[PDB]
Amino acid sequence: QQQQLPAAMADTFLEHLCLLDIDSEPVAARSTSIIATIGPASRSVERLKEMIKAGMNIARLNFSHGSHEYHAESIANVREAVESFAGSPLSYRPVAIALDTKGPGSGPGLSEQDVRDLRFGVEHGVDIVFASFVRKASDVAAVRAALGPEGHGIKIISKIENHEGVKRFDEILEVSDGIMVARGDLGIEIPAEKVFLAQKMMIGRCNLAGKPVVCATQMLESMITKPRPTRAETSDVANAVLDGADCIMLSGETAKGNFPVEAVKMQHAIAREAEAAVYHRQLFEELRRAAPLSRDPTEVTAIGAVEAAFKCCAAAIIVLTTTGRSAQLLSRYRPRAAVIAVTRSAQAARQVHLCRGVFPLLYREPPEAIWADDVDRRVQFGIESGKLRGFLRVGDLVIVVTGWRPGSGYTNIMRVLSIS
């Protein structure tokens, strides 16, 4: 059988590895998001359409290079390429826009250039900020203050790039929306042979906290000049997914290299293979054991839904979400079932790419008069887009996660539904 199911049913991790089969083809949709840096090699609308088709989920703009005018044109081109697929509403793909700051460049403070760039991000409607060189909780507070009242909804992903950031990780993670393991600077700031320890520790802690973690830098470096990566590069991408990374990133590979589309395609192919090789039997038991007891109905519904999905091998968990939170709480238990998140918020649809296994569907259908009927069409929309995209078939079982009243914060219902 397909998707490494013989290896998935093994009684030990050792037997799981022994049962991995190169002929067991992946069937599930790719769960780990790809962040591609948009630069000289990947700026055109035509090239961006090819990168979206190849698998890009988040477009990163490196504010260490270019200018505000340059990045504004890149943002416009990304939006134009994304909207060129709006003619097919059940299959259109949202793409988040992330702003990566230049950093403090000396001074444990928020550069005035960073204040100006963060203000640019708010004015241009960016979804995420990758905050460079975060070394303490007060650095995150400074970024949040610089985003102002209009940028309240922007996610702050703190980049850990030095010894201080690693040592003060817990306080940084507590106030951040997520973390980026920025291996480039980290490998210069700490001994290169210790970076893998920092990566594995940060991924584990983010998985424990249920917060997004991005693995970044030199993942497919040789692809800047060559059409195929080295054996160490494919292994690095696969191991980042197996470590538990929610996102994988391409920097020079897409910003300035000769094969930007090929680099995205390679990350897509490796992530799909690595996701099927995840040993869910141990992973779910450990996530379940480590996750604290909770009296929050969204949290309680999420664990019940993921348990139910594993019991019936559910093809998907369809969840209605306003902010993306209910989808994030499902994602933290790493279900094998795809989490199809139906949302009316375009920003939440883009941001939800930070959470592994969450497939955002932006709902743009006319409302139903009775709230209960409106909820049911959003569920049938998740099922129709699910069927159109290959996630679901007639006869499949799905878990549907909804709330008892409109507005964010009221998820409390899990339903077992048979498709068609």
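Residue indices: 1-based, along the sequence shown. By rigid core we mean the largest C-alpha set that fits within 1.5 Å across both forms.
Student: Which of the two stretches, 87 to 95 or 180 to 188, moves more in 9 other deposited structures of this protein when the core is held fixed, judged by C-alpha RMS distance?
Tutor: Stretch with the higher C-alpha RMS distance in 9 other deposited structures of this protein: 87 to 95.
Student: Looking at the deposited entry, does 180 to 188 or 110 to 118 carry the larger mean Cα B-factor?
Tutor: The stretch with the larger average C-alpha B-factor is 110 to 118.
Student: Pick between 354 to 362 and 367 to 375: the one whose mean CA B-factor in the entry is higher.
Tutor: On average, C-alpha B-factors are higher across 367 to 375.
Student: Please pick out which of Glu233, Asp243, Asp139, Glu286 has the largest Cα B-factor as recorded in the entry.
Tutor: Highest C-alpha B-factor among the listed residues goes to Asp139.
Student: By the record's CA B-factor, is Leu417 among the lowest, middle or highest third of residues in the chain?
Tutor: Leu417: CA B-factor falls in the middle third of its chain.
Student: Using the B-factor values recorded in the entry, state whether the Cα atom of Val45 falls in the lowest, middle or highest third among the modelled residues of its chain.
Tutor: Answer is highest: the recorded C-alpha B-factor places it there.
Student: Based on the deposited C-alpha B factors for this chain, I'd like to know if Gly204 is in the lowest, middle or highest third.
Tutor: It falls in the bottom third of the chain.
Student: Among the modelled residues of this chain, does the Cα B factor of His280 put it in the lowest, middle or highest third?
Tutor: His280: CA B-factor falls in the middle third of its chain.
Student: Against its chain's modelled residues, does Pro227's Cα B factor rank lowest, middle or highest third?
Tutor: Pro227: CA B-factor falls in the middle third of its chain.
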